[PDB]
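Colleague: Next up is a structure, given as structure tokens.
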Amino acid sequence: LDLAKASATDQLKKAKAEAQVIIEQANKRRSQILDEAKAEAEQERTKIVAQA
Amino acid sequence: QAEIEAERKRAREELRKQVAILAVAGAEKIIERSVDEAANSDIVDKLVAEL
């Protein structure tokens with residue numbers, strides 16, 4: 001009992017934190033991706049209505 | 001987008017200066033084709049005095 005539930009516990013929560021981090025990596029990862037997108041878009045726009 | 005407008009306006013204004021300038025040439029060629037299409041005879045004596 002002790003051995004099992006122990007291993008499961010540790011691996012479990014360790015796995016937990018790892019996962020959370022991963023979510024963060026994707027988080028500001030794809031999120032930052034979003035910000036950059038915002039910038040580029042902005043450029044294209046200024047161009048467009050300038051052309052106007 | 002805002003800025004270019006004023007300039008374009010100036011351009012048209014010059015088109016007005018050169019426009020009035022062109023009034024002369026229009027009087028000129030005016031009488032000219034008048035005689036051409038007169039196509040009967042041309043008496044340039046009669047002064048239409050076109051602007």
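By order of appearance in the structure tokens: chains A, B, ..., then residues from 1 within every chain, and ligands from 1 in the order shown.
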Please return, as a PyMOL selection string, all residues of chain B lying within 10 Å of chain A when only C-alpha atoms are considered.
Modeller: chain B and resi 1-4
Colleague: Keeping only N, CA and C atoms, write the selected residues to a file as an mmCIF file, in the first residue's frame.
Modeller:
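Dumped to result_37.cif:
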```cif
data_model
loop_
_atom_site.group_PDB
_atom_site.id
_atom_site.type_symbol
_atom_site.label_atom_id
_atom_site.label_comp_id
_atom_site.auth_asym_id
_atom_site.auth_seq_id
_atom_site.Cartn_x
_atom_site.Cartn_y
_atom_site.Cartn_z
ATOM 1 N N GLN B 1 -4.150 59.137 -43.962
ATOM 2 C CA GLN B 1 -5.077 59.472 -45.026
ATOM 3 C C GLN B 1 -5.393 60.959 -45.020
ATOM 4 N N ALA B 2 -5.372 61.565 -43.837
ATOM 5 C CA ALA B 2 -5.759 62.963 -43.708
ATOM 6 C C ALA B 2 -4.976 63.870 -44.654
ATOM 7 N N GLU B 3 -3.648 63.786 -44.599
ATOM 8 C CA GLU B 3 -2.800 64.872 -45.096
ATOM 9 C C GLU B 3 -2.959 65.145 -46.586
ATOM 10 N N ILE B 4 -2.868 64.100 -47.419
ATOM 11 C CA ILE B 4 -2.635 64.281 -48.854
ATOM 12 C C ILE B 4 -3.659 65.223 -49.458
#
```
Colleague: Work out how far atom CA of residue B:50 is from atom CA of residue B:20, in Å to one decimal.
Modeller: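 Result for atom CA of residue B:20 versus atom CA of residue B:50: 12.6 Å, one decimal.
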Colleague: Enter the distance from atom CA of residue A:44 to atom CA of residue B:9, in Å, rounded to one decimal.
Modeller: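 So the answer is 27.3 Å.
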Colleague: Can you pull out every residue from chain B that DSSP, working from the backbone, puts in helix (DSSP H, G or I), and format the result as a ChimeraX atom specification?
Modeller: /B:4-38
Colleague: Quick one: everything within 12 Å of residue B:46, counting only C-alpha atoms, minus sequence neighbours fewer than 3 positions away in the same chain. Send it as a PDB file with N, CA and C atoms, in the first residue's frame.
Modeller:
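Once everything was written out, this is selection_3.pdb:
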```pdb
ATOM      1  N   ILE B  31     -11.298  80.401 -82.503  1.00  0.00           N
ATOM      2  CA  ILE B  31     -11.436  81.036 -83.807  1.00  0.00           C
ATOM      3  C   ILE B  31     -10.855  80.137 -84.890  1.00  0.00           C
ATOM      4  N   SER B  34     -13.105  77.557 -85.825  1.00  0.00           N
ATOM      5  CA  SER B  34     -14.198  78.321 -86.413  1.00  0.00           C
ATOM      6  C   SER B  34     -13.994  78.489 -87.908  1.00  0.00           C
ATOM      7  N   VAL B  35     -12.800  78.907 -88.317  1.00  0.00           N
ATOM      8  CA  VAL B  35     -12.533  79.067 -89.742  1.00  0.00           C
ATOM      9  C   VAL B  35     -12.497  77.708 -90.425  1.00  0.00           C
ATOM     10  N   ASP B  42     -13.178  81.957 -94.739  1.00  0.00           N
ATOM     11  CA  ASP B  42     -12.700  82.427 -93.449  1.00  0.00           C
ATOM     12  C   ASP B  42     -12.479  83.928 -93.536  1.00  0.00           C
ATOM     13  N   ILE B  43     -13.286  84.685 -92.805  1.00  0.00           N
ATOM     14  CA  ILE B  43     -13.010  86.088 -92.562  1.00  0.00           C
ATOM     15  C   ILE B  43     -12.656  86.173 -91.090  1.00  0.00           C
ATOM     16  N   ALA B  49     -13.879  87.777 -80.148  1.00  0.00           N
ATOM     17  CA  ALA B  49     -13.317  88.156 -78.857  1.00  0.00           C
ATOM     18  C   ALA B  49     -13.767  87.177 -77.772  1.00  0.00           C
ATOM     19  N   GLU B  50     -13.383  85.924 -77.979  1.00  0.00           N
ATOM     20  CA  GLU B  50     -13.654  84.856 -77.032  1.00  0.00           C
ATOM     21  C   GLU B  50     -12.553  84.862 -75.985  1.00  0.00           C
TER      22      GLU B  50
END
```
Colleague: Calculate how many Å separate atom CA of residue B:29 from atom CA of residue B:8, rounding to one decimal.
Modeller: 29.3 Å
